[PDB]
Amino acid sequence: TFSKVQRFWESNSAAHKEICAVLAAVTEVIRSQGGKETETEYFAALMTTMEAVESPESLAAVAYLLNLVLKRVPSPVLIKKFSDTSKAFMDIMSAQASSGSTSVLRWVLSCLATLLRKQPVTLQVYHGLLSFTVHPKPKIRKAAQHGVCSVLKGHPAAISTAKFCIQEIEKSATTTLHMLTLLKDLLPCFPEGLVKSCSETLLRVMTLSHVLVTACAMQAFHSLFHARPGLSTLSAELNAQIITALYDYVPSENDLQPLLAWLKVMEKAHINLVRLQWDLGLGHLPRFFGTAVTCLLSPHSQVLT
Amino acid sequence: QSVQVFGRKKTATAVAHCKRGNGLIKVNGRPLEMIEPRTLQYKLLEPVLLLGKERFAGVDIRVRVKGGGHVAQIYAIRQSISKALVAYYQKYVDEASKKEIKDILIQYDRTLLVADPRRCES
RNA sequence: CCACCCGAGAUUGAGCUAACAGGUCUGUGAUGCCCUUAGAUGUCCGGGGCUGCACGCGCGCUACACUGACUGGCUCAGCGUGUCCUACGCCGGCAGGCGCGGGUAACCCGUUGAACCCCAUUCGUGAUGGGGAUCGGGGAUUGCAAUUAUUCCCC
């Protein structure tokens, strides 16, 4: 059972739309390797091609097939030979990072994400996945971000990525948007102390006035308050601190891009204060209502509405 | 414990962040005497020379400037510094000092608080 | 607008292709004339020209400099673009070549690292180092082709 690598190797739009191609049938019947789904004998047999060969459109094709087949839960076998997969995949990772190809790295990162979602060295694999968010390629970076999001939402590994993201905030100006996307997609699944540290560091980057990073990190505020986090993830006193700390900017009066989402994020935050402890939420409400009544004086009808 | 204001001229926008300090006035990591049009230097010391260093004793102010040219950036710098001091004295100091400083600045010049509405037209 | 009470009736029957200037456009005549080895521009091939220059009438660019020219350093934009826009390294005096990546694009060019302007050096009122035309040599790209200089670089 071979030549599916040669099937995906051809890239012509006449053959992608066929039912026999990798679009539909590989997702259904190719997973049943030998009549039973699934066997990684294909995976273990393609070691001789994925080692010491750097030929394009064959490494990428087998990476695509591995990414498509790996999702059909061979979970005890995955737990058994996770060490072999991790070692083979990290040497492939180092070789491709030294070489500089995109498609092979993108799909091996995707199937690495599937592997880590299905399952000490696991922490090493997690940092191996995590290190390529600041990678400049938009296809590598988006795949790595989506993979980290799928791994975390599908947690003992939140501490490492929270500390990491804080750290490349602290060293770093165009990767700031990418790690702010990481915060927007990963803030709810953090513990309370790390939520506090990320919030403090996010106000430290609120000290700057670049419109993109400020807008996307207050969108990360919107993401964290939108999910209605639990008590262990966000406490009432920390939420009170970050709602009394966010009063210090109020862009101007009529900026109309951060003002609407601003009233949205204090809306969601005060909802969370009321949901956690209703009397304290009602106690912190009057300053919000006073500032809202003040910002009905804006010349823009959208702010008013 | 800190305030954040902006000041615009034509296209140049200078954002000023003010806090409890030790008497240092900083723009883009450079001292205010270290801005390359030294011919137009006394325009950007106008809050300091008008108001003295005595009331700038415990103020830390940072200004970051985007866009514009050179002269428009300088006017944005002085406008942003002045609005930062006014908002700081609004939020953390009494109101009499606010109206006194505003009266001095308005009787000196009008552009240093309110911005020129005119910009480049199509 | 819907449904219902009461009520005989909460709607049962009669009358009203033609008109347009509202738009706009290529069908009918056995239609009148004039032409038809005098092809209503006959197809193709090769080479030229469209730039040629005494002169008038006019749009523009560069200038006649000291509020300036040269050299070095400094620091600031926006409207827009791109599968030709280019990032990086090497070979290069310089135009440019070579190996490599991103971008079918608020992502990569690009924090668009712009020019005037500012600060220092030399010049010192003369066809001057202002001004650059016109010429003489070389080199490199674009393109089947640059000779009647396509363009750019260097004396």
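Residues numbered from 1 in each chain as written, not as in the entry; some residues may be left out. Chains lettered and ligands numbered in written order. Part of a larger assembly, values for the part shown. Heavy atoms only, no water.

Engineer: Before we move on, can you summarise the nonpolar core with the specific residues and values?
Structural biologist: Residues A:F89, A:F190 and A:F221 are the most contacted members of the largest nonpolar core, which totals 86 residues. Residue contributions to this core peak at ten residues, all from helix α8 (residues 103-118) of chain A. Excluding anything up to four places from it in sequence, A:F221 contacts A:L202, A:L203, A:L246 and A:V265. Counting 30 residues, the second largest nonpolar core, distinct from the first, contains B:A12, B:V59, B:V63 and B:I101. (Core = buried A, V, L, I, M, F, W, Y, C linked by side-chain atoms within 4.5 Å. Buried < 20%, exposed > 50% of the residue type's maximum accessible area, 1.4 Å probe, protein only. Helix = DSSP H or I, 4+ residues; strand = E, 2+ residues; numbered from the N terminus. Contact = heavy atoms within 4.5 Å.)

Engineer: Give a detailed account of the packing of aromatic side chains, specifying residues and quantitative values.
Structural biologist: Residue and element names in this part refer to chain A. Evaluated as defined, the whole model comprises eight aromatic pairs over all chains. Note on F43 and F89: the rings are 5.8 Å apart at their centroids and 85 degrees apart in plane angle, and the pair reads as edge-to-face. Taken as a pair, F43 in helix α3 (residues 41-45) and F89 in helix α7 (residues 82-99) lie far apart in primary sequence, 46 residues in all. The buried category is assigned to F43, whose relative accessible area is 7%. Between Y249 and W262, the ring centres sit 6.4 Å apart and the planes meet at 70 degrees, which makes this aromatic pair edge-to-face. Linking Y249 in the loop between α15 (236-245) and α16 (258-276) with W262 in helix α16, this pair joins segments that are 13 residues apart in sequence. Each member of the pair, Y249 as well as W262, is classed as buried. Through pairs of rings, three or more aromatic residues link up here, namely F8, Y64 and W107. (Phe/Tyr/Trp six-rings, centres within 6.5 Å; stacked < 30°, edge-to-face > 60°.)

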